[PDB]
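**Student:** Chains as they are written, first to last, in the authors' numbering: chain I, 11 to 144; chain U, 8 to 79; chain 3, 6 to 64; chain C, 2 to 195. Below are the structure tokens for one structure; questions will follow.
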RNA sequence: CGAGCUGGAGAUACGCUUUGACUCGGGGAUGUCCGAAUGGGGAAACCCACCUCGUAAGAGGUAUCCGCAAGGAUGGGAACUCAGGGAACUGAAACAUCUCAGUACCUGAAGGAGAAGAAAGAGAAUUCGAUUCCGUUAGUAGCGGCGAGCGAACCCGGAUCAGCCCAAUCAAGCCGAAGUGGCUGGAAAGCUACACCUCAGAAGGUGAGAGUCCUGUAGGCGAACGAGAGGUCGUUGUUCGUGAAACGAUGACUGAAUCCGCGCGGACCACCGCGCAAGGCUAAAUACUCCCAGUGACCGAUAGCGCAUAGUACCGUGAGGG
RNA sequence: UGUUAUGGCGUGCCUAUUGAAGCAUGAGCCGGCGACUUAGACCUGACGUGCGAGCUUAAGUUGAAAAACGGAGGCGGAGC
RNA sequence: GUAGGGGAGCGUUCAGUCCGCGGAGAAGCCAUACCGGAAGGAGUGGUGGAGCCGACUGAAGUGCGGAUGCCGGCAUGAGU
RNA sequence: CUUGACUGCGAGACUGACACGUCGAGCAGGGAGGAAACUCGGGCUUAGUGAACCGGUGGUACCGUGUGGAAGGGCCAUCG
Ligand SMILES: [Mg+2]
Ligand SMILES: [Mg+2]
Ligand SMILES: [Mg+2]
Ligand SMILES: [Mg+2]
Ligand SMILES: [Mg+2]
Ligand SMILES: [Mg+2]
Ligand SMILES: [Mg+2]
Ligand SMILES: [Mg+2]
Ligand SMILES: [Mg+2]
């Protein structure tokens, strides 16, 4: 019954009414009331005067696949690029890359776009292979 | 107004201080930045019957070296 | 705002802010040697809190 | 574990939500619902701009005792309103899991008391509205309660027409408000049931 | 439709109507003078003519602009659309580039929509395949006194999807189920005691608070007639401020090929890859609300449009205000 | 409770201010009108709910006394 | 205890739900010596002539003494 | 006698709201003076200064828009 239906106990607070308060005349006293110009950035305060250029590129970015995920749990399901969709590695937009994180022995075979040196080493050391396209 | 196509209808005109340079000056910088218009030449010839009108220089060079829908 | 991107306001893993050292960039040098490699790494966060507000989305 | 009107048993299916009957979630849900149905239409000429007045007035100095720019300002009578209602929306997306959890928890909130499932809505014999009163009476419904009937079978629901006894929500159009608001839920068709 | 009617009108008189009035739909018939106004003039609603038709009374024609002719246009429209033209305050805490913004304003053209459209494209897959629209990419890639600030597109998800010609049901309306007695009361639709309909409990009216008292509602029917190229120079567009500035676009001067040909892919060259310009048409998805309908955690007389009707009274030479 | 006589005490309110009974501001009186909002898939925090190594949808489509569908995309998930 | 931060709450309108009240009289209006820690809320009386409390939740055009603030009405100066 | 008026770095502190500023052991590549312990990364110290932006010059080869280049950019010095 909706009559008896209660609140969340602390979801909603009331808002802020500045009418009344009796000794509320809000904001400052003078000086920087009434304006819509506040704006916490701006020109010469330690933003300019700061000496950077660098060079912007931001090119190819690979999807990180931890070894620690692949080994330990699941089945060694023979990943390829197929299973990654359901394996909770599904993101896309970018190629896939494998690197070493957790260190454990298992038999595993993974098809990704690229991988690191020590990752290769750890996939082979416990036996397995990692495929790459030409 | 012309013979073939378009006439008048023009756009703005600029000027630059620190003009030219060593191609690799400091920069170009600007002053002028105001709107402006364009006109063309008058001439008189007939088509379909005796007439006068006005003739675009392009249209004049066109009509002179051949009759494109018109004669002199 | 689009200035602070290629210039360093840069944010780290701890959500701290990288500016480094300005000591002399290009004009006005010809004094000592460790001021020159004195081009640094370092920052305070007192003005970081409002810094990255400019870099907020593409950190 | 609930009993049907005509024929077999069931409802041993559908574990009912945990913890059992949380009223907070219920609240969130219905509030979300009435906010969904809420239709923003707002007559305010809020802006000094929206009401009509020619804008230059008398004079800034030397008239004595006023200082006004226009006849259309909020501090005047007849002008615009400062911060009046405009046609907003307030329709949002409630997280789905809380919708599901909601109406589930509703049905469950009927487990502490009367609820009903049914098969064989053929006992109406066309509609006649009277045979619905019969069906109700012999099913224990004297319409001293409020009843939400949920069923397919157009003929079967078309039988029930009144704001007194009942209300009709067809083809599993179930609405957490619509159930929690009525006194008894009669779930009838076992389709979205089980 | 079937007893009333004779406008708001309160009002007397005269009457009209079952040989169907009134009212409601549906076509025609008359339509003074002005106004695009158009015989000619003109301080709009006025002043003056001419040529036919002829019995006067009275009808008809007499503007310019396209055309053999038929025929078409000149005007008007709240907002919406395209186009010719094009502000400043303001922001940069001053100010010139920038911002305001192609915003406001003026103007031209047109429809119920417009615009746009059938790759000399997007683009980096030897992918895509007209346009517009929405979501999204994405405050990204970029532009910038690299200041303030500005800000895409491809992919992808949807709305809707057509490419064709050519130059050597809804409107009048009608039909509609089911209650009486007693009681308080001025008056009941309320209370009460019993009863009934319900593919009809939506609603308003009736002396007060209404299913069953009236109009209605669910449901049912329903008409004669009526609808449905390239370059150089000055420049500019898109994220494009002259930047390494490509490409589209033109004002001036120049003005090549055409099938082992021709433009593009962001100076430029080769390779490689997409593509055929200098001709037109082309529903739908889209925008708007003068008007009509339905609704509302919209107003209810200092609110709500300015107006519970008024652009009236009233102010101004006037635009204008009110 | 109403009124009153006498005693004691007793420098309007507001703003603006180092400082106001102020010979500083405002205001004849009563009524009514009258000022810290709203918008965005913006940002960042507090609390609350739901799922939780995962969490959500946007346009739209279909129903529409009702809500479901919609994974394009977004956020975690690796830093330099 | 001033700007300022924090906490509990009072009242008004609309809204959903619940309980209801009203011609043997609703809201509003008028008087009042009662209640409550305050915003406030009851009781009885007097007007009034249709509507309206209370509880729970939700949403605000939500609380006036001032702004030479707005509209309206009515005072002063003065029988000058 | 000579080029420590070096390159690569900085334990830990002085000082400033910030940005600047100051001092410095010691590790390396390589040096200079001394026989040697050792000392030196300018001058007995405290003044002898200019953030950002836009460009000029040498070096390195990171970006470089279908690809292989080049234009232009970037980084380490430096110049106004
Ligand atoms: Mg003040
Ligand atoms: Mg001050
Ligand atoms: Mg100016
Ligand atoms: Mg300015
Ligand atoms: Mg005050
Ligand atoms: Mg006197
Ligand atoms: Mg006298
Ligand atoms: Mg040393
Ligand atoms: Mg600058």
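Note that CB positions come from ideal geometry on N, CA and C, so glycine has one too.
According to a CB-to-CB cut-off of less than 7 Å, which residues of the segment 16 to 29 of chain 3 neighbour chain I?
**Tutor:** 24 and 27
**Student:** Could you list the residues in the segment 108 to 119 of chain C with a C-beta less than 9 Å from some C-beta on chain I, going in chain order?
**Tutor:** none
**Student:** Who are the Cβ neighbours of residue 141 (chain I) in its own chain at under 6 Å, not counting the five residues just before and after it?
**Tutor:** 121
**Student:** Go through its chain and collect everything with a Cβ distance to residue 10 (chain C)'s Cβ below 8 Å, but skip five positions before and after it.
**Tutor:** 4
**Student:** Find the nearest neighbour of residue 185 (chain C) within the set 2 (chain C), 146 (chain C), 102 (chain C) and 162 (chain C), judged by alpha-carbon distance.
**Tutor:** 146 (chain C)
**Student:** Anything with a beta carbon under 6 Å from a heavy atom of ligand 2 counts; list them all in chain order.
**Tutor:** Having a Cβ closer than 6 Å to some heavy atom of ligand 2 are 40 (chain I) and 41 (chain I).
**Student:** So, helix, strand or coil for residue 189 (chain C), using DSSP?
**Tutor:** strand
**Student:** Measuring alpha carbon to alpha carbon, tell me which of 163 (chain C), 153 (chain C), 55 (chain C) and 164 (chain C) ends up nearest residue 190 (chain C).
**Tutor:** 153 (chain C)
**Student:** Name the one or two DSSP bridge partners that residue 139 (chain I) has.
**Tutor:** 119 (chain I)
**Student:** Give the residues from the segment 138 to 165 of chain C that approach chain I closer than 8 Å (Cβ to any Cβ), ordered along the chain.
**Tutor:** none
**Student:** Which residues in chain I sit within 9 Å of residue 13 (chain 3), going by Cβ to Cβ distance?
**Tutor:** Per Cβ cutoff of 9 Å: 60, 61, 62 and 64.
**Student:** For residue 135 (chain I), count the other beta carbons within 10 Å of its own beta carbon; 16 or more makes it buried, fewer makes it exposed. Which is it?
**Tutor:** exposed
**Student:** From the DSSP output, in three-state form, read off residue 22 (chain 3) for me.
**Tutor:** strand
**Student:** Does DSSP put residue 52 (chain C) in a helix, a strand or coil?
**Tutor:** The DSSP-derived three-state label of residue 52 (chain C) is coil.
**Student:** Quick check: what's the CA-CA separation for residue 47 (chain C) versus residue 104 (chain C)?
**Tutor:** 40 Å
**Student:** Kindly say whether residue 58 (chain 3), judged by its beta-carbon, lies nearer than 8 Å to any beta-carbon of chain I.
**Tutor:** yes
**Student:** For residue 28 (chain 3) versus residue 15 (chain 3), is the C-beta spacing smaller than 8 Å?
**Tutor:** no
**Student:** Could you tell me the distance, in whole angstroms, from the CA atom of residue 44 (chain I) to the CA atom of residue 75 (chain C)?
**Tutor:** Whole-angstrom Cα-Cα distance: 16 Å.
**Student:** Could you tell me which uninterrupted beta strand (DSSP E) segments, each at least 3 residues in length, are contained entirely in the segment 137 to 185 of chain C, listed from first to last along the chain?
**Tutor:** 148 to 150 and 167 to 169
**Student:** List the endpoints of the continuous beta strand (DSSP E) containing residue 95 (chain C).
**Tutor:** Unbroken run through residue 95 (chain C): none, as it is neither H nor E.
**Student:** Suppose the cutoff is 8 Å on Cβ atoms and the five residues either side in sequence are ignored; what does the same chain contact list for residue 63 (chain I) look like?
**Tutor:** Cβ neighbours of residue 63 (chain I) beyond the five flanking positions: none.
**Student:** Is residue 25 (chain C) close to chain I? Criterion is C-beta to C-beta, closer than 8 Å.
**Tutor:** Residue 25 (chain C) counts as touching chain I.
**Student:** In chain order, what residues of the same chain lie with their CB nearer than 7 Å to the CB of residue 217 (chain C), ignoring the 5 residues before and after it?
**Tutor:** With chain C running from 2 to 195 in the structure shown, residue 217 (chain C) is simply not present.
**Student:** For the segment 64 to 88 of chain C, which residues have a CB atom closer than 8 Å to at least one CB atom of chain I, in sequence order?
**Tutor:** Of all residues in the segment 64 to 88 of chain C, none has a Cβ within less than 8 Å of some Cβ in chain I.
**Student:** Just the chain I side, please: which residues come within less than 7 Å of residue 10 (chain 3) by C-beta, in chain order?
**Tutor:** 66
**Student:** Quick check on DSSP: helix, strand or coil for residue 19 (chain C)?
**Tutor:** coil
**Student:** Report the neighbours of residue 12 (chain I) on chain C: residues whose CB is nearer than 8 Å to its CB, in chain order.
**Tutor:** Neighbours of residue 12 (chain I) on chain C, chain order: 31, 178, 181 and 182.
**Student:** Do the segment 47 to 56 of chain I and the segment 83 to 95 of chain I meet, that is, are 3 or more Cβ pairs less than 8 Å apart?
**Tutor:** no
**Student:** Output, in sequence order along the chain, the residues in the segment 34 to 53 of chain 3 whose CB is closer than 7 Å to any CB in chain I.
**Tutor:** 52
**Student:** For residue 60 (chain I), which three-state DSSP category applies?
**Tutor:** coil
**Student:** Determine the burial state of residue 61 (chain C): buried for a count of at least 16 other Cβ atoms within 10 Å of its Cβ, exposed for fewer.
**Tutor:** Under this definition residue 61 (chain C) is an exposed residue.
**Student:** If the criterion is Cβ atoms closer than 8 Å, does the pair residue 52 (chain C) and residue 80 (chain C) meet it?
**Tutor:** yes
**Student:** CB residue 63 (chain U) to CB residue 14 (chain U), shorter than 8 Å?
**Tutor:** yes
**Student:** Strictly under 8 Å for the Cβ-Cβ distance: is residue 109 (chain I) near chain 3 by that measure?
**Tutor:** no
**Student:** Within the same chain, show all residues whose beta-carbon is closer than 6 Å to that of residue 111 (chain C), passing over the 5 residues directly before and after it, in chain order.
**Tutor:** 186
**Student:** Straight-line CA distance for residue 138 (chain I) to residue 18 (chain C)?
**Tutor:** 46 Å
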